[PDB]
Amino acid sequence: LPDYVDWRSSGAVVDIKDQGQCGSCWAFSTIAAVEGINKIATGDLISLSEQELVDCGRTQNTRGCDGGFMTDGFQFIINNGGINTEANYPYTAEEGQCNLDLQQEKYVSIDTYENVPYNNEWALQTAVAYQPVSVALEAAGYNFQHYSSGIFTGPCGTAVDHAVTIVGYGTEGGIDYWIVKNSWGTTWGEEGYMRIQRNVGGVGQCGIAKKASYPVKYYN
């Protein structure tokens, strides 16, 4: 695998977004991964609608601003035959009624999704070498919350509670890291991103390797 990967460098990552006062992170992670594979497979970068997932993608386990799962996000886009753009179905940071007309407008599609084998940073690295990958991690701790620069090495728990998107990886000063795209706006971390320690084993740093998944498009 490559020594360094950064999906931002090849125009596969939309500018940093802010979920605001709403636990919709599963939706931001779903969308960032779909945005990535769409650029990789088709050549065009399009900013897509988190609000559509929040309003229209509710399940037994996925509950808009009350948390959810990227697998349900991917499932919705597959089931619906696509997803609308950010511009057409804008983000409100509030749970609203599913706009059926906007739901019918489809600008990006995915064919399938896959789960990265659990607790396997090597499998995760393999997946990230091909595309941005949706992950969940433990983001509730003071140090994670106040992260501003460098490679985050903890402390943090492992009990997944917040979804982000891995958009690359690398090594600096002998320390391996993942590049994480968060949805807390540009004022958090390294202009919205975090470098977080990689190759620590097991569940990965802050549990990052526990529940990784990515969307699939059959044709390039």
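In this text, residue numbers run from 1 along the sequence as written.
Residue range whose averaged C-alpha B-factor is higher in the record, 70-78 or 121-129: On average, C-alpha B-factors are higher across 70-78.
Greater mean Cα temperature factor according to the PDB record, 155-163 or 30-38: If you average the C-alpha B-factors of 30-38 and of 155-163, the larger mean comes out for 155-163.
Third assignment of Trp7 from its chain's C-alpha B-factors: According to the entry, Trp7 has a C-alpha B-factor in the chain's middle third.
Third assignment of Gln145 from its chain's C-alpha B-factors: Middle third - that is where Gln145 ends up once the chain's C-alpha B-factors are sorted.
Third of the chain, ranked by Cα B-factor, where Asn99 sits: Highest third of the chain for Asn99's C-alpha B-factor.
Chain-relative CA temperature factor third for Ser49: Ranked within chain, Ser49 CA B lands in the middle tercile.
Chain-relative CA temperature factor third for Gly189: For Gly189, the deposited C-alpha B-factor lands in the lowest third.
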